[PDB]
Amino acid sequence: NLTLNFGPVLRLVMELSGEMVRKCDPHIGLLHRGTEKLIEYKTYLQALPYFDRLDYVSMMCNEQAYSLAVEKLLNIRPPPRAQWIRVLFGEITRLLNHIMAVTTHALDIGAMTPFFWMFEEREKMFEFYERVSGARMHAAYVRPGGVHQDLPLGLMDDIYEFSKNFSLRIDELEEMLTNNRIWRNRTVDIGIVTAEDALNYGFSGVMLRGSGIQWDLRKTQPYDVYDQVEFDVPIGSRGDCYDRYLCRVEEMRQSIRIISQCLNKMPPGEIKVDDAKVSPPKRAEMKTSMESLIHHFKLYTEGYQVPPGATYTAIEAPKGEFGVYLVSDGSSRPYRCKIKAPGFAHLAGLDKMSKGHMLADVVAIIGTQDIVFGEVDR
Amino acid sequence: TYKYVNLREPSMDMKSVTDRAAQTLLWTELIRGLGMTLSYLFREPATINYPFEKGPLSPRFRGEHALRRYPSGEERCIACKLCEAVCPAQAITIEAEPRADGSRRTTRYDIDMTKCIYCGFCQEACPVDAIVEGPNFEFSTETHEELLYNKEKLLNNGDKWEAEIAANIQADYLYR
Amino acid sequence: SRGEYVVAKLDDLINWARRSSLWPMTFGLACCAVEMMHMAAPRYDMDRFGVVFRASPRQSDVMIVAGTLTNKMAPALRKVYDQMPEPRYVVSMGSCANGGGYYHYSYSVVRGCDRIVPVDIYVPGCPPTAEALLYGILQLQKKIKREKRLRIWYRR
Amino acid sequence: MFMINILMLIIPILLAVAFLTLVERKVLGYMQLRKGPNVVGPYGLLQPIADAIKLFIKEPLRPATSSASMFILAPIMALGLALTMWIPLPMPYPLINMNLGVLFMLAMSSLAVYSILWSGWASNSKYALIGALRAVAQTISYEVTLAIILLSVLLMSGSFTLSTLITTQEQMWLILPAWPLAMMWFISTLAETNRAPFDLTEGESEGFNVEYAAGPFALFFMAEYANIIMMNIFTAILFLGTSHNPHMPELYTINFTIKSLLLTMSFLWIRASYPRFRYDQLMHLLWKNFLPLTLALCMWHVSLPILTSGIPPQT
Amino acid sequence: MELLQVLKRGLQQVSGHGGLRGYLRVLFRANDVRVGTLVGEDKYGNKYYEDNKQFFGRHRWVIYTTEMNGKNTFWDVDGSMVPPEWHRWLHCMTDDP
Amino acid sequence: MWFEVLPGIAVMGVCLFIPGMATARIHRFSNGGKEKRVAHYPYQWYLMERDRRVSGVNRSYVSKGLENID
Amino acid sequence: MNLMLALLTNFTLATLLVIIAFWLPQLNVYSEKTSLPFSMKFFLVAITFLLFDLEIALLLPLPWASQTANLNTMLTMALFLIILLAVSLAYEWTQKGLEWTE
Ligand SMILES: CCCCCCCCCCCCCCCCCC(=O)OC[C@H](COP(=O)([O-])OCC[N+](C)(C)C)OC(=O)CCCCCCCCCCCCCCCCC
Ligand SMILES: CCCCCCCCCCCC(=O)OC[C@H](COP(=O)(O)OCC[N+](C)(C)C)OC(=O)CCCCCCCCCCC
Ligand code: SF4
Ligand code: SF4
Ligand code: SF4
C-alpha cells in the first residue's frame, strides 16, 4: 500500500489502499512538555496555572477539575457563591470550546465563514475572563477553596446582554451547516462508533452521547451546584459525525439555559473558603492582623499542606471526562498528578473510526473528536 | 433529562416527498445559505481601526511587570522574596543586603520576561504593593536580551506607568 | 541627483511592497495559536493590513512560532524554515517560544525557538493578546521599512 | 489598428484580474464580518500592486525538476490559452469574428488541462503528481456536461457563432426556456475552474502548483482568475443575452459588463457559503446526477424545436 | 429620506476635518475619515476623539501626533505613543478622561 | 461598510468595459464609419470582393451608389 | 491573418512574462540554499471520458442536422445516439464502475 507521513502538531502515518484508509497511526508527543513531572516541583497553588494550559480552549473547566481534587483531599468546601461563579464560568467556557470545536471543524472541511461570525462571540467572552482575572485565556481564577476575586460590579449585566443574542448566533450557524447537503455529506455516516465500542475504548462526552449512551457527569455525579440547575442532555442516534455535531450545537443552547439560571440564582457571600490556612486572607486584613500576615506569608511561600491520600476527581469538561489522579504525601507539593485528558482515549480510537473511509474523512473524524494536543500530550 | 437530536421520521405523504424533491432539484436549502451570507455583507463589520482604536481592557489586566514607590519616592519593596517563592515559572531572582542607611532593600531584582507566565501571583503575594503588572501590553522587542529585566528596567517602568498603575489599583483594591 | 538618492527610492518601493504583503505561515503549536486565530477574527482582521490569514510555507514571507517548541518538534520546524523562500522573517510569539516559559526547566522543551531559527521580533505574554501580536506584526513592518539592501549594495 | 485592438483586450484583462483579487478579499471579508484590505492604498486599491511587486522580487523556489523544459511550458500554455479564449467573445463585436466561435472556446479550454498535467510531471514529487491526476480527472469529467449542455442551447440558436446568441435572445433571455441547463452549466464552470465548493486542490489538511512559488505561481494565478471572468462572460452571453443597438454599441457593453461582474461576484458569494466536496462526491455529482439529466435534456432539446416548429435558421 | 442624509454625513466629514487637505490627511494617516468630538490633546500632540453612537470598541480613538520626542511619526505611528494617563481612557479601563 | 467594496468593483468594471468599447470604435474607424463586414459564408465573401473591385480604391467599405451608372 | 497575429501575441506575451518572472527574481542574489502505486479507478474515469467525448463528436453536428427535410430519420438517429450514450452510463453505473471505494 501507499504509506504517507503527513508530518506537521499531529503526525499521521497512514497506509492508503487507493483512496481508502487501511490504517491510521497517530504519532503524538510533539507537544509533550513534562507537565506532570513539573507539577511535582511546585506547590499546589503553583501547579494551578499548569491546568489552564492543557485544554487551552476550556481553560476554566480544567482549573475546576484540579480544584475539586485538591478540595476533596483538603476536606474543605468552597462557599456557595464561589460554586455559582464556577458553574457560570464553566458554561461560558463550554460555549468557548464548542465554538472552537464546531467552527474549526467546519473550517477544516471548507466552510470558512462561520469561523469569523462566532470568533467575534469568543472575543466578547474573552472579555468576561479578562474582567474577572485580568487574563483573556489563562485566568488562573478558579482555585482550591473558591475563586481568586469577586465579580466586578456590572459584569453580570454584561453577561446577560451577551446571552440574549447568542441563540440567534447559533441559529445562523445552523442556517449554514445543519440542512446544507454538502455538510451532511461530509458528516453523515462518517466515523460510526457502536455504543459498546465507545465504552470499551474509553470514550467520554459526546463521543458516547453521540452513540446513544445516556451519560453525563454533570447529572450522574454532579459537582458544585449542577444539581440545582435544569438542563437537558442531547443524545445522538447514529453515532456519526453529524449526530455529534448536533449534540455540540445543542449543548451550546443548554449552556445558555444554565447561564440564564446562574445569573438569576447568584447568591451573596464570600468567594473563597473562610479558612485562612487554605485560602489567603483579604489584603486589608493581611495588613492589620498578625495572624493574617503569618497565614499570608506561609500560604505564598510554603503553601498549604494537604493530608496524605489519593483521589481521582473528574468533571464533564467540554471535550469529555476530564480528571486528575492526585497523590498527596502530606507536604505542600503534590507527589503525583496524573492528568486524564479525554482526547487521549479518543485519538487512540482514530484508527478504528477511520476503517473503511477515505483520506478526506480523516479530517472530519479528527474534528468530531474535538482534539487539542495540549491535553493529549501534557 | 435528555433529548434526541436526530430521531425524527420524515413524512412519506406525497406532499412531503415532493417538498423534498423540490429541495433536491431546485437547491432550496443551498439558497438559504446564500441569503445568510448576503445578510452579513450589509451588516457593519466588527473590525476596529487599530492602532488608532484599542480593544477594551479592565483595571485587573495583567501586563508588563513593574516596581512601585511610596508617595515619598522610597521604594515599596523590602526584599522579602515572597514573590520569588510563589512565581510558578521561577522567573524572579532577588538578592538583598542592608542599604547604606540600614534599610532592607534589594540589590538585584530581575524578571525573565520569557520565563514569566503573566499570572499575577507575585502582585497577589506582595504585602506592600511593590511589584505589580501594569496595563502595558506593547513592549515587543527585537532581541531576546531586552526581555530580561533588571531592577533598573522595572523601576523605570514604575516611574513611567505609576500614573496609570495607581488609578488601576485604586479602582480594584477593594475586590482584593 | 546623487546615485544614493535614486537607489534609496527603489529601496523604499521594494520595502513598501514587502511589508504591505506580509504572508505568514503560522506554526500553531499550543495556546498561543488561539490568540493568533483571534488576530484574524473580525475585531482585528489582520487581512486588512495585507497579512493573509494562512499561506502555504512555500508562499510565506514570515513564520510565526506560536507555542511550545519541543525537542521532538524542533527538527520539523527547522526544515520548514529552510524551505521558506527569501526574504524570510520569524516572529517568536509567547513565553514558550521566547525562552521556554512555564516549561523552561523541562527535559523535552527547547528553551526558546531562537536556538533553532533566527528570530526578528519577540512578542511577550502568555499568551500575548491578539492586539499585542498585532503590535508585533506592525513592528516587523516598521523593521522591513528600515532595510537598506540597495544602499549596502550600492556602497559595496 | 488590429495590433492596438489586441492590446486593448490583453491589458484590461490583466488589470481586471489584478483587482478581482482585491474585490474577492473585501467581499469575503464583509460576509465574514471583517473589512478586508483597507490600509494599503485608500480602500485597498494599492493592495494588488504591493502583491505583484512582492511576488516578482521574491527568491525563486524551483527545486530539481525532471523536465525543466516542461516546467516552463505549463505556465506559458496556461496563460496563452486563457487570453486566447477572449478573442471570439462578442462584446458586442468580437476581436476575431469566428463562424465556429463556440467550438473554438471548447477546444481551447480542453487544452488547458495540459497545464495541470505538465506541472505535475515537472515537480518531481509523487504526491504532487497524484494531486494533478485528481485535478485532471475532475476537469475532463465536467467538460462532458459543458459540451452537451452547450450543444443543447445551440439547438435553439441554430449555429456555433457566438454573435448569433445575441440575435436568439433579442426577445427573451435563454435562461427562461433553459434554466435547468443554466443551473448545471453554472455549477460546471465552478468545477471546471476549480473553485469552491470544488477546490479540493486547496485541501490543505485534506496543490500541483506548490513547486511554483512567486513568479510562475503568479502567472498560474492570473490564468485561473482570467478564466473565471471569461466563463462568467460566456455565461452572460449564453443565458442572459443583452440587447444590441448597432448605433450605440457602448450600451451593450455597459449592460453586458454589469451582468458579467455580478456572475463573477456570485463565485465569491458561493465560496463564502459552503464547505467543499470530497473527491468522490464531486465525481458522483457529475456522473450520477448531472450527466443523466444533461442527456435527458439533450434529447428534449433536439426534439422540442421539431415538435413546436421552432427550428432556428442555419444562417 | 434616509438615503439623502447618508450623503449629508459623507460631505460633513470633509468639513468636519477642516477641508479637503485635512480629510485626505486623516484618510491616509489613519485609513478612517469619521468625525468625533474632541475630548482632549496631550502634551505630545496626540488628539483624542469620542463618538458614543459608535459600537463599543470604535467609540474612542486617537489621532497620533506627527512628531514625538524628535521622531517623525507622520506615517510611522505606534500604539505605545499613548501616554499612561490617556492609555487608561483609550482602552476603556475608565470612563473619565 | 459594504459600499467600501465598490471602488474595487468600479475598477474591474472599467477594465472589463474597455475591450468591448475599443473594438467597436476601432472597427468604425477602420471601416469608414460602418460596422466591419461579416462574411461567414462564401457568398458573403464574393460580394465583399466585388465591392473591393467596384470601389475604385482597393477597399471594400467604400460604397458606390447610383452615381456610377451613366 | 488576424487570428494568426492574435495567437502570436498571446503566447509571446505569456512567454515574455514567464522568462522575466524566472529572471527578475534572480537579481536579489540571495545566499546559496545548500539544501506512486497505480490506481485503476483514475484510469477508468479517463477512459470513460474519452468514449463519451467520441459520442459528443457525433452529436456536435446536430444544429446543422435539424435543417434537413428528412426530420423523421434525423430525429430517430439523433435520439438513438443520445440513448445509446445513456445505456453506456447505465452499464458502468450498474457494474460498480462509477464507485470509488476499494
Ligand atoms: C414540459 C417540460 C418538459 C421539460 C422539463 C425539463 C426540466 C424539468 C425540471 C428538471 C429539474 C431541474 C434540474 C436542476 C438541476 C438538478 C441537478 C441535480 O442533480 O441536483 C441534485 C444534486 C445532488 O443532490 P444530492 O447530493 O442531495 O443527492 C441526490 C441523489 N441522491 C440523493 C440519491 C444521493 O445537487 C446539486 O446539484 C448541488 C450541487 C452543489 C451546488 C453548490 C452551489 C450552489 C449555487 C446555487 C446558485 C445556483 C444558481 C444557478 C443559476 C445560474 C444563473 C446563470
Ligand atoms: C524613480 C524610481 C522609481 C520609484 C519611485 C518612488 C516610489 C517609492 C516610494 C513610495 C514608498 C514610500 O516612500 O513609502 C511611503 C511614503 C512615505 O515614506 P516615509 O515614511 O516618508 O519614508 C521614510 C524613509 N524611508 C522610506 C527610507 C524609511 O509615502 C509617500 O508619500 C509616497 C506616496 C507617493 C508615491 C508615488 C509613486 C510614483 C512612482 C510610480 C512609478 C514607480
Ligand atoms: S506574573 Fe506570574 S510568572 Fe510573571 S513574575 Fe509574577 S508570578 Fe512570575
Ligand atoms: S516585590 Fe513585594 S513580594 Fe517581592 S521581594 Fe519586594 S516586597 Fe517582597
Ligand atoms: S506562551 Fe503561554 S499561551 Fe503561549 S503556548 Fe506557552 S503556555 Fe500557552
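The basis for the numbers below is simple: all heavy atoms, side chains too, and nothing from hydrogens, waters or symmetry mates. Residue numbering restarts at 1 for every chain, and letters A, B, ... go by the order of the sequence lines.
Taking A:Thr113, A:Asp150, A:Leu299 one by one and counting their heavy-atom pairs under 4.5 Å with chain B, the maximum is reached by A:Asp150. Chain A forms more heavy-atom pairs under 4.5 Å with one residue of B:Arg32, B:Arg62, B:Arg60 than with any other, namely B:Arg60. Counting heavy-atom pairs closer than 4.5 Å to chain B, the top-ranked of the candidates A:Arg136, A:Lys287, A:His138, A:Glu120 is A:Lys287. Contact count versus chain B (heavy atoms, under 4.5 Å) is highest, among A:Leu48, A:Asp243, A:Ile182, for A:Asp243. Annotation: maximal heavy-atom pairing with chain B below 4.5 Å, among A:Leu38, A:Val132, A:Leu177, occurs at A:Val132. Most heavy-atom pairs under 4.5 Å with chain B, from the set A:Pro49, A:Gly212, A:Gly134: that is A:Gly134. Your options are A:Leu151, A:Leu45, A:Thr43, and the one with the most heavy-atom pairs under 4.5 Å with chain B is A:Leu45. Of the residues considered (B:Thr37, B:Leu57, B:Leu34, B:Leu7), B:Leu57 shows the highest number of contacts with chain A, using heavy-atom pairs under 4.5 Å.
Shown here for B:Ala125 and A:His296, the closest heavy-atom pair between the two residues is O-NE2, 2.9 Å. Nearest heavy-atom pair, B:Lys3 versus A:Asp232, reported as atom, atom and distance to 0.1 Å: CE-OD2, 3.9 Å. Closest of all the heavy-atom pairs between B:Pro56 and A:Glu127 is CG-OE2, 3.4 Å. Here the closest non-hydrogen pair linking B:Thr1 and A:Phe231 is OG1-O, 3.0 Å. The two residues B:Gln123 and A:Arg283 have their closest heavy-atom pair at O-NH1, 3.6 Å. In this structure, B:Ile117 and A:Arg53 approach most closely via the heavy-atom pair O-NH2, 3.5 Å.
For A:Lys298, the NZ atom is loosely surrounded, since the number of other residues' heavy atoms within 6.0 Å does not exceed 12. Enclosure of atom CZ in A:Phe297 is not indicated, since only 12 or fewer non-hydrogen atoms of other residues, nucleotides or ligands lie within 6.0 angstrom. Counted within 6.0 Å of CZ on A:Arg333, heavy atoms from surrounding residues, nucleotides or ligands total 12 or fewer; the atom is thus considered open. Annotation for A:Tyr41: atom OH does not count as buried by contact number, only 12 or fewer foreign heavy atoms lying within 6.0 Å. Atom CZ of B:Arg20 sits in a crowded spot, with more than 12 heavy atoms from other residues, nucleotides or ligands closer than 6.0 Å. At most 12 non-hydrogen atoms from other residues, nucleotides or ligands lie less than 6.0 angstrom from NZ of A:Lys37.
Side-chain contact annotation: A:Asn179 with B:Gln23, donor-acceptor N/O pair under 3.5 Å absent.
In this structure, no portion of A:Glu302 lies under 4.5 Å from any heavy atom of chain B. Residue A:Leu153 touches chain B through both its backbone and its side chain, counting heavy-atom pairs closer than 4.5 Å. Neither the backbone nor the side chain of A:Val249 comes within contact range of chain B; no heavy atom of the residue lies under 4.5 Å from a heavy atom of that chain. Only the backbone of B:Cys87 comes within contact range of chain A, judged by heavy atoms closer than 4.5 Å. Interface residue B:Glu124: backbone and side-chain heavy atoms are both found under 4.5 Å from chain A. For a residue to count as touching a neighbouring chain, one of its non-hydrogen atoms must lie under 4.5 Å from one of that chain's; by this rule A:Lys282 touches chain B with backbone and side chain alike. With a 4.5 Å cut-off on non-hydrogen atoms, B:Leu174 does not touch chain A at all. With a threshold of 4.5 angstrom between heavy atoms, A:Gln254 approaches chain B through side-chain atoms but not through N, CA, C or O. Using a 4.5 Å cut-off between heavy atoms, A:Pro234 touches chain B through backbone and side chain atoms alike. Interface residue B:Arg43: only side-chain heavy atoms are found under 4.5 Å from chain A. No part of A:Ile271 comes within reach of chain B, as not one of its non-hydrogen atoms sits under 4.5 angstrom from that chain. Only the backbone of A:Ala139 comes within contact range of chain B, with at least one heavy atom under 4.5 Å from a heavy atom of that chain. The contact between B:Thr24 and chain A is made by backbone and side chain atoms together, counting heavy-atom distances below 4.5 Å. Neither the backbone nor the side chain of A:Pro280 comes within contact range of chain B, judged by heavy atoms closer than 4.5 Å. For A:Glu175, the parts sitting under 4.5 Å from any heavy atom of chain B are the backbone and the side chain alike.
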Audit row: B:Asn6, A:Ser237, side-chain hydrogen bond (donor to acceptor under 3.5 Å, both in side chains) steps and yes/no: CA-CA 6 Å; B:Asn6 201 23; A:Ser237 309; over 6 Å; no
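Here the straight-line distance linking atom SG of A:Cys247 with atom OH of B:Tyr4 works out to 12.0 Å at 0.5 Å rounding.
Side-chain contact between A:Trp117 and B:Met36 is present, with at least one heavy-atom pair separated by less than 4.5 Å. Within the 4.5 Å cutoff, side-chain heavy atoms of A:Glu172 are placed close to those of B:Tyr40. Residues A:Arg209 and B:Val5 have side chains not in contact (no heavy-atom distance under 4.5 Å, counting atoms from C-beta outward).
The backbone N or O of A:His148 lies less than 3.5 Å from no partner atom in the side chain of B:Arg176, so there is not a single donor-acceptor pair. Although no hydrogens or angles enter the test, the distance criterion places a donor-acceptor pair under 3.5 Å between the side chain of A:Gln46 and the main chain of B:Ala85. Put simply, the side chain of A:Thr301 never gets that close to the backbone of B:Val86: no donor and acceptor are under 3.5 Å apart. In this structure, A:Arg181 contributes its side chain and B:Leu30 its backbone to no donor-acceptor pair below 3.5 Å. Panel note: side chain A:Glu130, backbone B:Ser58; a donor-acceptor pair is recorded below 3.5 Å.
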